[PDB]
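Next up: the same protein chain in two forms, each one alone, written as structure tokens (structure 1, then structure 2).
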Structure 1
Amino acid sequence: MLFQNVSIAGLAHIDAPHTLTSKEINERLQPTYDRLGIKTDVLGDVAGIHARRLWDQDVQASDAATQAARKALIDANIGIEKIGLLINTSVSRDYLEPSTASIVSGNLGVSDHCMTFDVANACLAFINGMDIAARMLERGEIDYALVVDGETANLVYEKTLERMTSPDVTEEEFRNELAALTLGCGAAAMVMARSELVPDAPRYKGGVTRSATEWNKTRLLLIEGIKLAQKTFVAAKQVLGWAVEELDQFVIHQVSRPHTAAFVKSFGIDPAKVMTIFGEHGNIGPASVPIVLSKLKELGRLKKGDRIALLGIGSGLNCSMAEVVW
């Protein structure tokens, strides 16, 4: 039942150019801190986010996704004319209509045969996009697919910071405004291909999903997320043949340091097998997983035969887990 002929031909990520440190955020919030007596560095000391990146002004999700896509095409050594499917998986989107994917595709110059659309599913959508493309590849509908994802948070910082520093601002809800201050900009793209076209490329096996949509209505997210992941890992054991000790890397979405630690603790996972970029980049939504995988690749951390788990707990709640064999 697992995918037999689906590979990863190319992968890339883009780090956004402007740094906004939590120290800087705090300095701006200090007056509002002194009111309401906050006296605690939630971002730096609790969430463990010390910085995030922002794009230049007027960079759209499509722009960021396009930048990542160009780099992933180079990584795959293929021209855009080969791409038969382009899926955009980002939370950030240019418009409701048309798809952000169509705009990225127009920027790249895809052929008139190229099928495009957006998939949206909180921080899990890139994994969903990979599965969707894998099924088309497997059936022989296309030879190469792009899965792209650009996230923008400039506007959310501008508005939230502006809001939080107003004289009328009250606390109880304000504490929830801090959550948006864990988001970061970044982009990633992956070229997937039929395996007979790219021997020796990493193989995508597919995965499993379990949901708890009864919770679609942060402290709560943590516990219920781990409960859900436990269900999903049980499923993974059966369809993927997973055993924690047998996996070489866990590439996981990152909400915060506490959430990641609780996860590692719960599954008895070796923390050395869990790369994290949240400290410097914050939460890049559904782009997080492929950005981390790309960083692992560029750092030479991945060796032929490594078993790599891709996973996340997303708003929904949903939990998806998938395997790549490098």
Structure 2
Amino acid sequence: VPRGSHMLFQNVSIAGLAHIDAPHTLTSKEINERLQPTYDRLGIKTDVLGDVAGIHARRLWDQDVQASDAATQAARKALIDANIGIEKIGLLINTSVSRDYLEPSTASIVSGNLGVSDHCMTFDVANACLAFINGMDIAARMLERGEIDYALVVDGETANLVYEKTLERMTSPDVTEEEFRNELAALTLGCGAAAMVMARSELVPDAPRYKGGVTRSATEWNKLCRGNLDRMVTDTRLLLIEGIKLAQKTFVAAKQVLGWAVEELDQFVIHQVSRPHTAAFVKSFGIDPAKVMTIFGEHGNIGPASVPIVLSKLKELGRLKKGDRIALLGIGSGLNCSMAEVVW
């Protein structure tokens, strides 16, 4: 019986993938030492970072590293992984939450750094921690159509400033319990970068395929997590609960359009938000935890770069083999939930 493609992407591949780990380690132990007087004043006796959130360390850049710098570093690495020159790139999309300026785009700055040709289309996409997937989808539609041969999706996150200013606010003798709780999740963020080269499958016959997938939203929850360059406020409780509710809705759609059943997927590359988020997600959908790599523990939450960083790390570790069915998914501020598939 002839069936439709369910609008999944055809002939779109992943030609190259790379990640950058930021150089300076900041441990939760050091952070707690700094916060201890405030903990004591608030009567907080558990390690809310290392034991509850499950984050033991995260990485930071130097103060003077911009989103675009980190993104550029990842891009050059991904180009090498794809064994192609920048002159072949017809589209470059930057998907980071971190941003150099209001304008021009961070993508234009990265493109300038790399030396893209005058045919290269560039722009930023912003959608909290799901934007890398959005950028992949945007690139995929052009590649499928045959408009371009290769695309770069890039993402550099700088959390230095938010750490600096949050730690200052959270150690004020005047800080309230409410503001402390509001800003706590900022201390689970991490720096890092990722880049991906995507291509028409014709050019890279043995490369992984990207099929795309599905999205559902609950934009009535757009206030749950709000962040600027120096401050992030989060309702962690509702983020968790409403996130899981939305994911259940998305999974139903995934089953319909992707044919997903959890036992048949080989890897789940998921949003890296916290141990409790991960535990709840895995438990909600009856996922085998062995199929869910996490990096939150030593890198924290790297926003929209998290997913591709985890994928790149799976690649470098030799965890992925030809034929493996890889679920890429995330819940991001919005609220939004996207689920997509890669066949290695």
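Between two forms, the rigid core is the largest collection of C-alphas that superpose within 1.5 Å. Here, residue number means position along structure 1's sequence, counting from 1.
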Aligning on the rigid core, one finds that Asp118 shifts at its CA between structure 1 and structure 2, in Å, by 0.3
How many Å does the Cα of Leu178 travel between structure 1 and structure 2 when the structures are matched on their rigid core?
1.5
Once both forms sit on the same core, give the Cα displacement of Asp168 between structure 1 and structure 2 in angstrom.
2.2
